[PDB]
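Visitor: Pasting target-v8.pdb here (PDB, C-alpha atoms and all ligand atoms):
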```pdb
ATOM      1  CA  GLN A   1     114.167  50.719  81.746
ATOM      2  CA  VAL A   2     117.573  51.087  83.400
ATOM      3  CA  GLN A   3     118.566  53.792  85.872
ATOM      4  CA  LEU A   4     122.119  54.768  86.653
ATOM      5  CA  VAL A   5     123.061  55.730  90.226
ATOM      6  CA  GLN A   6     125.756  58.342  90.794
ATOM      7  CA  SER A   7     127.653  59.706  93.804
ATOM      8  CA  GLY A   8     126.762  62.706  95.933
ATOM      9  CA  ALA A   9     128.299  66.058  96.786
ATOM     10  CA  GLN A  10     132.076  66.514  96.856
ATOM     11  CA  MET A  11     133.684  69.711  98.186
ATOM     12  CA  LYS A  12     137.479  69.872  98.134
ATOM     13  CA  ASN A  13     140.483  72.169  98.002
ATOM     14  CA  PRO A  14     143.067  72.065  95.195
ATOM     15  CA  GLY A  15     144.812  68.702  95.247
ATOM     16  CA  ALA A  16     141.681  66.701  95.986
ATOM     17  CA  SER A  17     141.953  63.203  94.416
ATOM     18  CA  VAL A  18     138.160  62.851  94.211
ATOM     19  CA  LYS A  19     136.595  59.408  93.737
ATOM     20  CA  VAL A  20     133.396  59.384  91.657
ATOM     21  CA  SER A  21     131.299  56.214  91.419
ATOM     22  CA  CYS A  22     128.547  55.153  89.033
ATOM     23  CA  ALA A  23     126.528  52.008  89.815
ATOM     24  CA  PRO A  24     124.119  50.891  87.066
ATOM     25  CA  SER A  25     120.799  49.299  87.997
ATOM     26  CA  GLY A  26     119.123  47.010  85.482
ATOM     27  CA  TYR A  27     121.630  45.763  82.927
ATOM     28  CA  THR A  28     124.581  43.465  83.385
ATOM     29  CA  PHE A  29     127.600  45.631  84.155
ATOM     30  CA  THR A  30     129.936  43.506  82.016
ATOM     31  CA  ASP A  31     127.771  43.780  78.898
ATOM     32  CA  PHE A  32     127.965  47.366  77.539
ATOM     33  CA  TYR A  33     130.831  49.888  77.499
ATOM     34  CA  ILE A  34     131.197  52.845  79.861
ATOM     35  CA  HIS A  35     131.937  56.463  78.853
ATOM     36  CA  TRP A  36     132.518  59.417  81.193
ATOM     37  CA  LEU A  37     131.843  63.029  80.229
ATOM     38  CA  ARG A  38     132.256  66.501  81.704
ATOM     39  CA  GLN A  39     130.137  69.597  81.056
ATOM     40  CA  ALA A  40     131.559  72.808  82.491
ATOM     41  CA  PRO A  41     129.057  75.630  83.114
ATOM     42  CA  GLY A  42     128.889  77.522  79.820
ATOM     43  CA  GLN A  43     130.789  74.916  77.801
ATOM     44  CA  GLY A  44     129.502  71.889  75.908
ATOM     45  CA  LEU A  45     129.902  68.171  76.404
ATOM     46  CA  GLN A  46     133.537  67.190  76.812
ATOM     47  CA  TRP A  47     134.241  63.489  76.648
ATOM     48  CA  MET A  48     136.626  62.112  79.271
ATOM     49  CA  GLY A  49     137.383  58.433  78.615
ATOM     50  CA  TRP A  50     135.889  55.020  77.993
ATOM     51  CA  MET A  51     136.223  51.825  79.987
ATOM     52  CA  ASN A  52     135.881  48.208  78.927
ATOM     53  CA  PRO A  53     134.276  46.523  81.956
ATOM     54  CA  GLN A  54     135.287  43.098  80.653
ATOM     55  CA  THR A  55     139.050  43.487  81.015
ATOM     56  CA  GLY A  56     139.427  46.945  82.582
ATOM     57  CA  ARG A  57     141.114  48.484  79.509
ATOM     58  CA  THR A  58     140.518  52.223  79.080
ATOM     59  CA  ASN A  59     141.474  55.203  76.915
ATOM     60  CA  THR A  60     141.098  58.850  77.916
ATOM     61  CA  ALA A  61     141.280  62.198  76.150
ATOM     62  CA  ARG A  62     144.572  63.913  75.337
ATOM     63  CA  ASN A  63     144.445  66.604  78.032
ATOM     64  CA  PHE A  64     144.032  64.153  80.943
ATOM     65  CA  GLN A  65     147.185  62.027  80.473
ATOM     66  CA  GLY A  66     147.960  61.797  84.167
ATOM     67  CA  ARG A  67     145.089  63.469  85.988
ATOM     68  CA  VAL A  68     142.187  61.076  85.290
ATOM     69  CA  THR A  69     142.364  57.350  86.061
ATOM     70  CA  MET A  70     139.441  54.951  85.705
ATOM     71  CA  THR A  71     139.024  51.561  87.371
ATOM     72  CA  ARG A  72     136.341  48.889  87.589
ATOM     73  CA  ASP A  73     134.940  46.806  90.414
ATOM     74  CA  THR A  74     132.895  43.935  88.989
ATOM     75  CA  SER A  75     131.959  42.385  92.334
ATOM     76  CA  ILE A  76     129.325  45.051  92.939
ATOM     77  CA  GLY A  77     129.000  46.040  89.297
ATOM     78  CA  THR A  78     130.071  49.683  89.608
ATOM     79  CA  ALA A  79     132.900  51.832  88.223
ATOM     80  CA  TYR A  80     135.266  54.282  89.930
ATOM     81  CA  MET A  81     137.042  57.425  88.733
ATOM     82  CA  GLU A  82     139.917  59.162  90.496
ATOM     83  CA  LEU A  83     140.426  62.859  89.659
ATOM     84  CA  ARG A  84     144.015  63.713  90.550
ATOM     85  CA  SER A  85     145.530  67.229  90.781
ATOM     86  CA  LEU A  86     142.355  69.292  90.504
ATOM     87  CA  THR A  87     142.264  73.083  90.618
ATOM     88  CA  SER A  88     139.419  75.595  90.839
ATOM     89  CA  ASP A  89     139.155  75.696  87.032
ATOM     90  CA  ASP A  90     137.733  72.151  87.027
ATOM     91  CA  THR A  91     134.347  73.066  88.540
ATOM     92  CA  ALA A  92     132.050  71.127  86.237
ATOM     93  CA  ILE A  93     129.048  68.766  85.913
ATOM     94  CA  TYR A  94     130.014  65.095  85.397
ATOM     95  CA  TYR A  95     127.942  62.550  83.465
ATOM     96  CA  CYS A  96     127.865  58.736  83.602
ATOM     97  CA  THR A  97     126.616  56.837  80.549
ATOM     98  CA  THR A  98     126.158  53.426  78.936
ATOM     99  CA  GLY A  99     128.122  52.886  75.718
ATOM    100  CA  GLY A 100     128.038  50.273  72.979
ATOM    101  CA  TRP A 101     128.096  46.519  73.238
ATOM    102  CA  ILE A 102     131.308  44.620  73.954
ATOM    103  CA  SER A 103     131.888  42.153  71.155
ATOM    104  CA  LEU A 104     134.636  39.701  70.396
ATOM    105  CA  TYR A 105     134.845  40.613  66.717
ATOM    106  CA  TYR A 106     134.708  44.370  66.082
ATOM    107  CA  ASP A 107     135.564  47.629  67.852
ATOM    108  CA  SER A 108     132.526  49.550  69.034
ATOM    109  CA  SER A 109     134.070  51.512  71.871
ATOM    110  CA  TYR A 110     134.201  54.813  70.013
ATOM    111  CA  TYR A 111     130.597  54.790  68.847
ATOM    112  CA  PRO A 112     129.023  57.998  70.124
ATOM    113  CA  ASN A 113     125.678  56.303  70.689
ATOM    114  CA  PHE A 114     124.857  57.177  74.297
ATOM    115  CA  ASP A 115     121.469  55.654  75.019
ATOM    116  CA  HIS A 116     121.225  56.313  78.752
ATOM    117  CA  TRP A 117     122.291  59.199  80.976
ATOM    118  CA  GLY A 118     122.849  59.573  84.679
ATOM    119  CA  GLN A 119     121.368  62.446  86.589
ATOM    120  CA  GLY A 120     124.632  64.370  86.894
ATOM    121  CA  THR A 121     126.969  65.238  89.757
ATOM    122  CA  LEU A 122     128.653  68.558  90.515
ATOM    123  CA  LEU A 123     132.149  68.830  91.921
ATOM    124  CA  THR A 124     133.309  72.131  93.403
ATOM    125  CA  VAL A 125     137.018  72.743  93.990
ATOM    126  CA  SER A 126     137.716  75.882  96.021
TER     127      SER A 126
ATOM    128  CA  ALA B   3     135.373  70.856  68.747
ATOM    129  CA  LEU B   4     132.867  70.428  65.858
ATOM    130  CA  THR B   5     132.348  73.957  64.494
ATOM    131  CA  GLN B   6     128.724  74.839  65.049
ATOM    132  CA  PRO B   7     126.491  77.931  65.149
ATOM    133  CA  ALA B   8     125.880  78.906  68.765
ATOM    134  CA  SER B   9     122.187  79.543  68.118
ATOM    135  CA  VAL B  10     119.452  79.261  65.508
ATOM    136  CA  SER B  11     116.226  81.253  65.210
ATOM    137  CA  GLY B  12     112.871  80.526  63.649
ATOM    138  CA  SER B  13     109.122  80.968  63.941
ATOM    139  CA  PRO B  14     106.693  78.036  64.401
ATOM    140  CA  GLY B  15     106.223  76.014  61.241
ATOM    141  CA  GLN B  16     109.667  76.913  59.872
ATOM    142  CA  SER B  17     112.057  74.081  58.986
ATOM    143  CA  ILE B  18     115.581  74.837  60.168
ATOM    144  CA  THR B  19     118.846  72.931  59.764
ATOM    145  CA  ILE B  20     121.689  72.927  62.298
ATOM    146  CA  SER B  21     125.057  71.913  60.907
ATOM    147  CA  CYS B  22     128.391  70.885  62.398
ATOM    148  CA  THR B  23     131.656  71.025  60.467
ATOM    149  CA  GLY B  24     134.893  69.224  61.296
ATOM    150  CA  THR B  25     138.099  67.992  59.728
ATOM    151  CA  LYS B  26     138.010  65.486  56.869
ATOM    152  CA  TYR B  27     140.005  62.824  58.734
ATOM    153  CA  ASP B  28     137.509  62.782  61.574
ATOM    154  CA  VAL B  29     134.196  63.434  59.875
ATOM    155  CA  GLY B  30     134.599  62.133  56.334
ATOM    156  CA  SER B  31     136.219  58.755  56.968
ATOM    157  CA  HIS B  32     133.523  57.292  59.233
ATOM    158  CA  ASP B  33     129.754  57.747  59.250
ATOM    159  CA  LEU B  34     129.376  58.120  63.038
ATOM    160  CA  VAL B  35     127.548  61.331  64.018
ATOM    161  CA  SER B  36     124.943  61.769  66.778
ATOM    162  CA  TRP B  37     122.600  64.533  67.944
ATOM    163  CA  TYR B  38     121.539  65.034  71.575
ATOM    164  CA  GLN B  39     118.935  67.523  72.774
ATOM    165  CA  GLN B  40     119.349  68.810  76.333
ATOM    166  CA  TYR B  41     116.218  70.617  77.425
ATOM    167  CA  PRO B  42     117.046  73.500  79.850
ATOM    168  CA  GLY B  43     117.576  72.277  83.398
ATOM    169  CA  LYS B  44     117.668  68.596  82.388
ATOM    170  CA  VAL B  45     120.096  65.833  81.430
ATOM    171  CA  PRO B  46     120.891  65.255  77.741
ATOM    172  CA  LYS B  47     118.369  63.305  75.686
ATOM    173  CA  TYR B  48     118.963  60.645  73.042
ATOM    174  CA  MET B  49     117.114  61.442  69.836
ATOM    175  CA  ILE B  50     119.330  60.636  66.828
ATOM    176  CA  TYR B  51     120.946  57.222  66.322
ATOM    177  CA  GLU B  52     123.659  56.661  63.684
ATOM    178  CA  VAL B  53     124.583  59.335  61.011
ATOM    179  CA  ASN B  54     120.933  59.408  59.863
ATOM    180  CA  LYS B  55     118.876  56.946  61.921
ATOM    181  CA  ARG B  56     116.517  57.281  64.872
ATOM    182  CA  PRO B  57     116.281  55.522  68.256
ATOM    183  CA  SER B  58     113.408  53.324  69.384
ATOM    184  CA  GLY B  59     110.153  55.222  69.918
ATOM    185  CA  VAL B  60     111.382  58.631  68.758
ATOM    186  CA  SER B  61     109.509  61.063  66.486
ATOM    187  CA  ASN B  62     110.347  61.236  62.771
ATOM    188  CA  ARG B  63     110.459  65.048  62.729
ATOM    189  CA  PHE B  64     114.272  65.088  62.927
ATOM    190  CA  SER B  65     116.598  63.489  60.391
ATOM    191  CA  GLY B  66     120.071  64.145  59.045
ATOM    192  CA  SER B  67     122.647  63.920  56.262
ATOM    193  CA  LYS B  68     126.420  64.098  55.896
ATOM    194  CA  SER B  69     127.785  66.324  53.129
ATOM    195  CA  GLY B  70     131.546  66.351  52.627
ATOM    196  CA  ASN B  71     133.182  67.121  55.963
ATOM    197  CA  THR B  72     130.080  68.498  57.664
ATOM    198  CA  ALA B  73     126.672  67.175  58.646
ATOM    199  CA  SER B  74     123.345  68.742  59.555
ATOM    200  CA  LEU B  75     120.256  67.946  61.639
ATOM    201  CA  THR B  76     117.141  68.153  59.457
ATOM    202  CA  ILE B  77     114.415  69.696  61.621
ATOM    203  CA  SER B  78     110.750  69.980  60.604
ATOM    204  CA  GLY B  79     108.373  72.741  61.682
ATOM    205  CA  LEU B  80     109.245  74.419  64.968
ATOM    206  CA  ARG B  81     106.924  74.842  67.950
ATOM    207  CA  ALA B  82     107.014  75.906  71.585
ATOM    208  CA  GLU B  83     108.481  72.579  72.765
ATOM    209  CA  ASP B  84     111.656  72.808  70.654
ATOM    210  CA  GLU B  85     113.447  75.422  72.800
ATOM    211  CA  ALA B  86     116.532  73.455  73.791
ATOM    212  CA  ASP B  87     120.304  73.265  73.418
ATOM    213  CA  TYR B  88     121.229  70.764  70.704
ATOM    214  CA  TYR B  89     124.662  69.142  70.809
ATOM    215  CA  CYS B  90     126.525  67.175  68.181
ATOM    216  CA  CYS B  91     129.153  64.478  68.596
ATOM    217  CA  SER B  92     131.075  62.396  66.095
ATOM    218  CA  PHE B  93     133.995  60.018  65.772
ATOM    219  CA  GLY B  94     137.252  61.573  66.870
ATOM    220  CA  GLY B  95     140.834  61.002  65.781
ATOM    221  CA  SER B  96     141.819  57.488  66.846
ATOM    222  CA  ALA B  97     139.549  55.938  69.466
ATOM    223  CA  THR B  98     137.828  58.929  71.047
ATOM    224  CA  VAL B  99     134.607  60.868  70.555
ATOM    225  CA  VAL B 100     134.638  64.578  69.697
ATOM    226  CA  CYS B 101     131.742  66.790  70.759
ATOM    227  CA  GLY B 102     130.626  70.300  69.901
ATOM    228  CA  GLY B 103     129.471  73.218  71.986
ATOM    229  CA  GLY B 104     125.788  73.698  71.317
ATOM    230  CA  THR B 105     123.052  75.338  69.291
ATOM    231  CA  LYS B 106     120.548  77.258  71.393
ATOM    232  CA  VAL B 107     117.263  77.069  69.509
ATOM    233  CA  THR B 108     115.215  80.252  69.880
ATOM    234  CA  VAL B 109     111.607  79.837  68.769
ATOM    235  CA  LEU B 110     110.154  83.151  67.597
TER     236      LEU B 110
ATOM    237  CA  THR C 259     139.835  40.038  59.121
ATOM    238  CA  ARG C 260     142.145  41.462  61.739
ATOM    239  CA  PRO C 261     139.894  44.218  63.189
ATOM    240  CA  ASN C 262     142.337  46.104  65.566
ATOM    241  CA  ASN C 263     143.723  49.608  64.628
ATOM    242  CA  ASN C 264     147.554  48.838  64.664
ATOM    243  CA  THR C 265     150.600  51.177  64.455
ATOM    244  CA  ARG C 266     154.137  50.720  63.193
ATOM    245  CA  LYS C 267     157.557  51.829  64.311
ATOM    246  CA  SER C 268     161.055  51.156  63.188
ATOM    247  CA  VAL C 269     164.469  50.974  64.690
ATOM    248  CA  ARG C 270     167.743  51.574  62.967
ATOM    249  CA  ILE C 271     170.198  48.904  63.976
ATOM    250  CA  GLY C 272     173.773  49.882  63.364
ATOM    251  CA  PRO C 273     174.287  51.201  59.718
ATOM    252  CA  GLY C 274     171.856  51.055  56.833
ATOM    253  CA  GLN C 275     169.208  48.562  57.664
ATOM    254  CA  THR C 276     166.190  49.269  59.811
ATOM    255  CA  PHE C 277     164.056  46.736  61.584
ATOM    256  CA  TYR C 278     160.311  46.881  61.708
ATOM    257  CA  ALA C 279     157.969  45.876  64.489
ATOM    258  CA  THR C 280     154.564  46.664  65.904
ATOM    259  CA  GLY C 281     154.493  49.979  67.750
ATOM    260  CA  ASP C 282     151.204  49.878  69.573
ATOM    261  CA  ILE C 283     147.613  48.813  69.387
ATOM    262  CA  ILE C 284     145.564  51.921  70.536
ATOM    263  CA  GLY C 285     143.218  50.352  73.122
ATOM    264  CA  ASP C 286     140.798  47.629  72.015
ATOM    265  CA  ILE C 287     141.233  43.852  71.794
ATOM    266  CA  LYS C 288     141.488  41.789  68.668
ATOM    267  CA  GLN C 289     140.405  38.330  67.579
ATOM    268  CA  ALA C 290     141.576  37.062  64.226
ATOM    269  CA  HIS C 291     138.724  35.331  62.505
ATOM    270  CA  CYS C 292     137.088  33.831  59.342
ATOM    271  CA  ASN C 293     133.236  33.854  58.834
ATOM    272  CA  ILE C 294     131.833  31.286  56.334
ATOM    273  CA  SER C 295     128.087  30.796  55.484
ATOM    274  CA  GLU C 296     126.855  27.538  57.069
ATOM    275  CA  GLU C 297     124.175  27.131  54.521
ATOM    276  CA  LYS C 298     126.546  26.745  51.737
ATOM    277  CA  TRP C 299     128.860  24.625  53.735
ATOM    278  CA  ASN C 300     126.305  22.000  54.590
ATOM    279  CA  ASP C 301     125.144  21.906  51.047
ATOM    280  CA  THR C 302     128.685  21.215  49.935
ATOM    281  CA  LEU C 303     129.514  18.518  52.380
ATOM    282  CA  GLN C 304     126.464  16.491  51.503
ATOM    283  CA  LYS C 305     127.017  16.892  47.765
ATOM    284  CA  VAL C 306     130.534  15.611  48.242
ATOM    285  CA  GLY C 307     129.210  12.744  50.341
ATOM    286  CA  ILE C 308     126.842  11.769  47.535
ATOM    287  CA  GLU C 309     129.586  11.519  45.017
TER     288      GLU C 309
HETATM  289  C1  LIG A 401     131.138  37.090  61.233
HETATM  290  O1  LIG A 401     130.398  36.393  62.116
HETATM  291  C2  LIG A 401     130.368  37.086  63.290
HETATM  292  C3  LIG A 401     129.924  36.197  64.383
HETATM  293  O2  LIG A 401     128.512  36.210  64.325
HETATM  294  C4  LIG A 401     129.551  38.286  63.108
HETATM  295  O3  LIG A 401     129.350  38.880  64.337
HETATM  296  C5  LIG A 401     128.051  39.412  64.310
HETATM  297  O4  LIG A 401     128.171  40.666  63.794
HETATM  298  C6  LIG A 401     127.014  41.407  63.933
HETATM  299  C7  LIG A 401     127.400  42.756  63.416
HETATM  300  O5  LIG A 401     128.526  43.219  64.182
HETATM  301  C8  LIG A 401     126.754  41.635  65.382
HETATM  302  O6  LIG A 401     125.587  42.400  65.307
HETATM  303  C9  LIG A 401     125.238  43.042  66.535
HETATM  304  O7  LIG A 401     123.993  42.460  66.727
HETATM  305  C10 LIG A 401     123.388  42.901  67.881
HETATM  306  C11 LIG A 401     122.068  42.248  67.873
HETATM  307  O8  LIG A 401     122.079  41.235  68.866
HETATM  308  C12 LIG A 401     121.273  41.682  69.946
HETATM  309  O9  LIG A 401     119.893  41.762  69.614
HETATM  310  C13 LIG A 401     119.385  40.571  69.046
HETATM  311  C14 LIG A 401     117.978  40.678  68.498
HETATM  312  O10 LIG A 401     117.753  39.479  67.760
HETATM  313  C15 LIG A 401     119.469  39.526  70.091
HETATM  314  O11 LIG A 401     119.024  38.402  69.376
HETATM  315  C16 LIG A 401     120.918  39.375  70.463
HETATM  316  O12 LIG A 401     120.964  38.417  71.488
HETATM  317  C17 LIG A 401     121.423  40.674  71.026
HETATM  318  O13 LIG A 401     120.571  41.092  72.072
HETATM  319  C18 LIG A 401     123.035  44.315  67.741
HETATM  320  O14 LIG A 401     122.525  44.595  69.005
HETATM  321  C19 LIG A 401     124.324  44.992  67.581
HETATM  322  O15 LIG A 401     124.117  46.364  67.865
HETATM  323  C20 LIG A 401     124.986  44.494  66.317
HETATM  324  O16 LIG A 401     124.132  44.585  65.191
HETATM  325  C21 LIG A 401     126.546  40.320  66.025
HETATM  326  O17 LIG A 401     126.436  40.397  67.436
HETATM  327  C22 LIG A 401     127.804  39.636  65.725
HETATM  328  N1  LIG A 401     127.872  38.458  66.462
HETATM  329  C23 LIG A 401     128.897  38.454  67.263
HETATM  330  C24 LIG A 401     129.392  39.734  67.858
HETATM  331  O18 LIG A 401     129.446  37.426  67.508
HETATM  332  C25 LIG A 401     130.363  39.053  62.165
HETATM  333  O19 LIG A 401     129.764  40.253  61.808
HETATM  334  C26 LIG A 401     130.400  38.285  60.922
HETATM  335  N2  LIG A 401     131.168  38.996  59.967
HETATM  336  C27 LIG A 401     132.198  39.613  60.403
HETATM  337  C28 LIG A 401     132.367  40.966  59.843
HETATM  338  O20 LIG A 401     132.889  39.141  61.244
END
```
Any chance you could put this one into C-alpha cells?
Guide:
Amino acid sequence: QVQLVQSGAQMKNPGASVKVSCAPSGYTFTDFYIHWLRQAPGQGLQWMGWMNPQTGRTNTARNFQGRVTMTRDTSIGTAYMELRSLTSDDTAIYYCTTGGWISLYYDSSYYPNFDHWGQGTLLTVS
Amino acid sequence: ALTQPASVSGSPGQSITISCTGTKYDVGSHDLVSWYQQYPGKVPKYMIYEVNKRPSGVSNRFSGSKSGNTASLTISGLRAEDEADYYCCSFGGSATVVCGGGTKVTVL
Amino acid sequence: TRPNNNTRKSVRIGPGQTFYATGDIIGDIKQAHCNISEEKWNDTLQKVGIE
C-alpha cells in the first residue's frame, strides 16, 4: 500500500510563515487529488483546502482567505503549504491525505472519500 | 459543523446509531456522507465509503442511511474494541467538505 | 453535458437594460462533451452500408 511522508517539527513565534510538505510514496502524484486538514486539540476535523496536482488549481475554506496558500512541485512529486500570519491560537495537528481521482469529465474534488492518511504533524506557535 | 451528539453509550451486544444533522442545501441535495473512526492516540481510519457503502476489506458491521437532512451510522453489537471517536463529513456548500466534531463511544 | 458549477452576474449599462455574463466558475475545470454507445453506432453504420 501507499505511505505518505510528512514534515517534522516546527516551532515559531507569531508571524511564522511555516512551510509544510507532504511527499507521497507509491502512487503517481498527478493522479489523485490532495486535501489538507487541521485538527486542533479538543476540536474535530477541520478541512483546509484541496489542490489539483494536474494544473495547480486550489480552493480553500472561507476563514483562510489570505492566510493559507497551497502550491505544487511536480518534479519531486510533493506538495507545499505556506501558513501566513499565524498566532498562538493556531496550535493544531495537521493531516495530509489522498483525495479522489482527477478526471476530464466530472468534478470529484469535493468527494469526502479520504482513503489514506498521513501520520500527522504538530505545529506550535508561541 | 454537522450537528452531532458528543458521545454515545451502550453495553456489549447493543446496536447503537450515531446521527449527524445539517442544513438541507448541504446534506439533502447530494448523497455524499462519510464516517471515519479515529481510535485514541491514532490517525483517522477509513471505514465507510459513499453515503451507505463500505471500503475494500472492511467489516459489514457498520452501515448507514440518509433520512431527510440528517444521516446516521448503523452500528451492530458493541464490544471492547469499539471505544473510539467517530467523525462524520459530508458535502459542503459549493466545493468544500464540511466535517463534524465527534462522537466518543463509551462501551459499558 | 457541461459539468462545471457556473455563476452569473449582471451589469447595468446606462439606463434600463442590463447585460449578462459569466461571473465565475468556482474552481474545477470543464470539458464539454457527448457520450454515444459504440455498440449501437457500429450496428447502424453497417446497416446503412448494406442498404
Ligand atoms: C461518458 O463517457 C465518459 C468517458 O468514458 C465516461 O467517463 C467514465 O465515467 C466513469 C464514471 O465517472 C468513470 O468511472 C470511474 O471509473 C474508475 C474506474 O477506473 C479505474 O479502475 C478500473 C477497474 O477496471 C481500471 O480499469 C481503470 O483503469 C481505473 O483504474 C473508478 O475508479 C472511478 O472511481 C469511477 O467509477 C470513468 O473513469 C470515466 N472515464 C473517464 C473519466 O474518461 C462518462 O461517465 C460517460 N458519461 C458521462 C456522464 O460522461
Visitor: Tell me which residues the PyMOL selection byres (((not hetatm)) within 7 of (chain A and resi 401)) grabs here, as a PyMOL selection string.
Guide: (chain A and resi 101+103-106) or (chain C and resi 293)
Visitor: Choose the residue, out of B:29, B:86, B:100, B:4, that has the smallest atom-to-atom separation from chain A; count all atoms listed in the file.
Guide: B:100
Visitor: Any idea what the distance is between CA of residue 88 (chain B) and CA of residue 44 (chain A)?
Guide: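 Between CA of residue 88 (chain B) and CA of residue 44 (chain A) the gap is 9.8 Å.
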Visitor: Could you write out as a PDB file with C-alpha atoms, in the coordinates of the input the residues of chain C within 10 Å of chain B, counting all atoms listed in the file?
Guide:
```
ATOM      1  CA  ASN C 263     143.723  49.608  64.628  1.00  0.00           C
ATOM      2  CA  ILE C 284     145.564  51.921  70.536  1.00  0.00           C
ATOM      3  CA  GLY C 285     143.218  50.352  73.122  1.00  0.00           C
ATOM      4  CA  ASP C 286     140.798  47.629  72.015  1.00  0.00           C
TER       5      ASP C 286
END
```
Visitor: First collect every listed atom of region 85-99 of chain A; then fit an axis-aligned box around them, widen it by 4 Å on each side, and give centre and edge lengths in Å to one decimal, as JSON.
Guide:
```
{"center_x": 135.8, "center_y": 64.3, "center_z": 83.3, "size_x": 27.4, "size_y": 30.8, "size_z": 23.1}
```
Visitor: For residue 57 (chain A), which of C:287, C:270, C:280, C:264 is the closest residue, counting all atoms listed in the file?
Guide: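 The closest residue to residue 57 (chain A) is C:287.
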Visitor: Which residues fall under the PyMOL selection byres ((chain A and not hetatm) within 12 of (chain C)) in this file, as a VMD selection string?
Guide: chain A and resid 33 49 to 60 102 to 110
Visitor: Any idea which chain A residues end up within 10 Å of chain B if we count all atoms listed in the file, as an mmCIF file with C-alpha atoms, in the frame of the given file please?
Guide:
```
data_model
loop_
_atom_site.group_PDB
_atom_site.id
_atom_site.type_symbol
_atom_site.label_atom_id
_atom_site.label_comp_id
_atom_site.auth_asym_id
_atom_site.auth_seq_id
_atom_site.Cartn_x
_atom_site.Cartn_y
_atom_site.Cartn_z
ATOM 1 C CA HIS A 35 131.937 56.463 78.853
ATOM 2 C CA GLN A 39 130.137 69.597 81.056
ATOM 3 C CA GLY A 42 128.889 77.522 79.820
ATOM 4 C CA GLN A 43 130.789 74.916 77.801
ATOM 5 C CA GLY A 44 129.502 71.889 75.908
ATOM 6 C CA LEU A 45 129.902 68.171 76.404
ATOM 7 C CA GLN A 46 133.537 67.190 76.812
ATOM 8 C CA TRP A 47 134.241 63.489 76.648
ATOM 9 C CA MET A 48 136.626 62.112 79.271
ATOM 10 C CA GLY A 49 137.383 58.433 78.615
ATOM 11 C CA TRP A 50 135.889 55.020 77.993
ATOM 12 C CA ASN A 59 141.474 55.203 76.915
ATOM 13 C CA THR A 60 141.098 58.850 77.916
ATOM 14 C CA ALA A 61 141.280 62.198 76.150
ATOM 15 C CA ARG A 62 144.572 63.913 75.337
ATOM 16 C CA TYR A 95 127.942 62.550 83.465
ATOM 17 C CA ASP A 107 135.564 47.629 67.852
ATOM 18 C CA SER A 108 132.526 49.550 69.034
ATOM 19 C CA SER A 109 134.070 51.512 71.871
ATOM 20 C CA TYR A 110 134.201 54.813 70.013
ATOM 21 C CA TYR A 111 130.597 54.790 68.847
ATOM 22 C CA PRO A 112 129.023 57.998 70.124
ATOM 23 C CA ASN A 113 125.678 56.303 70.689
ATOM 24 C CA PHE A 114 124.857 57.177 74.297
ATOM 25 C CA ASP A 115 121.469 55.654 75.019
ATOM 26 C CA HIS A 116 121.225 56.313 78.752
ATOM 27 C CA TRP A 117 122.291 59.199 80.976
ATOM 28 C CA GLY A 118 122.849 59.573 84.679
ATOM 29 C CA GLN A 119 121.368 62.446 86.589
ATOM 30 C CA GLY A 120 124.632 64.370 86.894
#
```
Visitor: With a distance cut-off of 6 Å and all atoms listed in the file, select the neighbouring residues of region 7-16 of chain A, excluding the residue or stretch itself and same-chain residues fewer than 4 positions from it, and output the selection as an NGL selection string.
Guide: :A and (21 or 85-87 or 123-126)
Visitor: Quick one: pull the distance between CA of residue 4 (chain A) and CA of residue 29 (chain A), Å, one decimal.
Guide: 10.9 Å
